[PDB]
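Chains as they are written, first to last, in the authors' numbering: chain B, 1 to 152, 170 to 317; chain A, 1833 to 2089.
C-beta: ideal position from N, C-alpha, C; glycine also.
Working notes, beginning with the structure itself.
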Ligand SMILES: CC(C)c1noc(=O)[nH]1
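Structure follows, in structure tokens:
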């Protein structure tokens, strides 16, 4: 079970670790997070107490290095860093653990929530969406725009989600205009799955990452990408049964985890109504349909 | 954005533009079957593609064979319209291609946008104008070429005849919309107004009669009288009692959506 120490907590902040969160007071003797489950990506995230516009975090995998958090008083944020000296890192973690200055990743044994939300998410695909090749971890924040949003402006600080655009030459074969616009199967199966993603696992990984960035950072472009990737499948008459069954599980756990209070900002009425009640796949998402109708019947 | 009352003069500037009206593309008669069910029978239709500055009308005749063995015809009709407008644009030399295509019905926007992806600089716009282009098939020579067609055909017309020799495009378009609105409202009364003086004929090469400038003023009056008479009949309104600005705001509230 891996550990992310913190040098200190000089400013009052809400710290998220995956779906959990806790409040740290200004100069509280907080020195990090232990017992982080090996075998999944994780996200550590921040929202400053004195400025809720500061909302940002780091995707990481403790299998790829020894990572810690240090506050930078010049740039005014908590930065992830990699410790290259294994012996120093072990000694720092040991001292803090002995002094009980770390919170424990509060995983209930029966609880697969985080696996369910990150099943297809891999750190190597994250590092291609978020381009900073000198670090093994990835910074995301609430204001980062997508390559798509930038087209419709700093290219280095952008989320390189796969561009999906239903009224584009990529989506529509000349000669098959009506066919391809009303049935997105060509665009999903040939262009996106066979061509760009190579397989459904990569497509679902990007969909899951987009949702998590929308939920944890309120990242608007991420929310757009998440909905576009659901709509592209729901709007396709021809989708492998395994992919529909898997999508129903993916969406069920995303809707289950979404805070009730953020449902008005995180859920697009048009896409969800279209996907559940009008689309080719309106009868293929039984679990997602049931949780949506029981949790968010006002949206529908 | 949307073409409305505010931006009407834009229709008569030197930027090539076309109106596309798809009302008459898919046309049916509805009848009882032997078993007492209901069936449709398609009849020949047309796409009404008009340059409002020049009067050039590209009348694509939609022959009933287009529909044979096809499903969801009202949906397909929009996409067939978009396919044919995009084929017409590709057929025109570059200097004749429109800068803008204004669709009379908002349901034509996505079909036309998708067919015109290869022309990202041609703007596809809706309009707030209520235009009576559905009444094209009340023009005897247009109805005749559509119904006689035995195969898909494009026929070119100037819907203003020679009017632009004497009047501006603004005035010609105003005259056309008034005539079509009158034909839409009461076809038989409108035709009787146009055809009643046997000494004024339609030239072989024209759609409308050969009225002098003074006769066009009389005809226009008679058409505005027909439209107001029919509004009174429809709403049970005493027209004789209305003021001149009441009358203005009915005749030209009917050509906004
Ligand atoms: C670099 C130093 C401040 C450090 N703190 O925790 C670490 O793993 N390294």
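Contact annotation: the stretch 11–31 of chain B does not touch the stretch 195–214 of chain B, with fewer than three C-beta pairs closer than 8 Å.
If you check the CB distance, residue 1853 of chain A and residue 1936 of chain A come in under 7 Å. For the stretch 1930–1942 of chain A, the set of residues with a beta-carbon nearer than 9 Å to any beta-carbon of chain B comprises 1942, in chain order. A straight line joining the alpha-carbon of residue 298 of chain B with that of residue 260 of chain B spans about 11 Å. The residue from B:292, B:265 and B:54 with its alpha-carbon nearest to that of residue 13 of chain B is B:54. Judged by DSSP in its simplified three-state form, residue 1986 of chain A adopts strand.
For the stretch 1962–1984 of chain A, no residue has a beta-carbon sitting nearer than 9 Å to a beta-carbon of chain B. Excluding five sequence positions before and after residue 146 of chain B, the CB atoms of its chain that fall closer than 6 Å to its own CB belong to 176, 178 and 238, given in chain order. With fewer than 16 other Cβ atoms inside 10 Å of its own Cβ, residue 173 of chain B counts as exposed. In this structure residue 105 of chain B touches residue 35 of chain B by the C-beta definition: roughly 5 Å separates them, less than 8 Å. Secondary structure note for residue 41 of chain B: it is in no alpha helix (DSSP H), with a DSSP letter that is neither H nor E.
Per DSSP, residue 81 of chain B is not a residue of any alpha helix (DSSP H); the beta strand (DSSP E) it occupies stretches across 77–83. Neighbours of residue 194 of chain B in chain A, taken as residues whose beta carbon is under 8 Å from its own, are 1911, 1914, 1915, 1943, 1946 and 1947 in chain order. Look at residue 59 of chain B here: in three-state DSSP terms it is strand.
At a cut-off of 7 Å, the C-beta of residue 184 of chain B has a neighbouring C-beta in chain A. Taken in chain order, the unbroken stretches of beta strand (DSSP E) that lie wholly in the stretch 1869–1906 of chain A and span 3 residues or more are 1870–1875, 1877–1882 and 1888–1894. By the CB criterion at 7 Å, residue 2028 of chain A and residue 1844 of chain A fall outside the cutoff. The distance from the Cβ of residue 1915 of chain A to that of residue 1947 of chain A is about 6 Å, consistent with a contact at the 8 Å cut-off. Along the length of the stretch 197–242 of chain B, whole alpha helix (DSSP H) runs at least 4 residues long occupy 217–234, reported in chain order. The C-beta of residue 189 of chain B comes closer than 7 Å to at least one C-beta of chain A. Separation of residue 242 of chain B and residue 185 of chain B (C-alpha to C-alpha, rounded to the nearest whole angstrom) is 16 Å. It is roughly 42 Å from the alpha-carbon of residue 315 of chain B to the alpha-carbon of residue 1840 of chain A. In this structure, DSSP gives residue 1908 of chain A a helical state, which the three-state scheme calls helix.
The C-alpha of residue 1920 of chain A lies about 15 Å from the C-alpha of residue 1949 of chain A.
Between the stretch 1993–2013 of chain A and the stretch 1899–1914 of chain A there are fewer than three inter-stretch CB-CB distances shorter than 8 Å, so the stretches are not counted as touching.
The C-beta distance from residue 253 of chain B to residue 205 of chain B rounds to 4 Å, short enough to meet the 8 Å contact threshold. For residue 2004 of chain A, there is no enclosing beta strand (DSSP E); the residue is part of the alpha helix (DSSP H) that begins and ends at 2001–2017. With contacts defined by Cβ atoms closer than 7 Å, residue 68 of chain B and residue 5 of chain B form a contacting pair. Closer than 6 Å to some heavy atom of ligand 1: that describes the Cβ of residue 83 of chain B. Contact of residue 120 of chain B with chain A is not assigned, every C-beta pair being separated by 7 Å or more. Identification of chain A residues near residue 198 of chain B by a Cβ-Cβ cut-off of 9 Å yields 1911, 1942, 1943 and 1946, ordered along the chain.
Taking a 10 Å sphere around the C-beta of residue 1972 of chain A, we find fewer than 16 other C-beta atoms and assign the residue as exposed. Membership of residue 1955 of chain A in the beta strand (DSSP E) is indicated by the continuous run 1955–1957. In the DSSP assignment, residue 288 of chain B falls outside any beta strand (DSSP E) and within the unbroken alpha helix (DSSP H) covering 286–290. With a threshold of 6 Å, the Cβ atom of residue 89 of chain B counts as near ligand 1, since some heavy atom of the ligand is closer than that.
Residue 5 of chain B has its CB nearer than 6 Å to a heavy atom of ligand 1.
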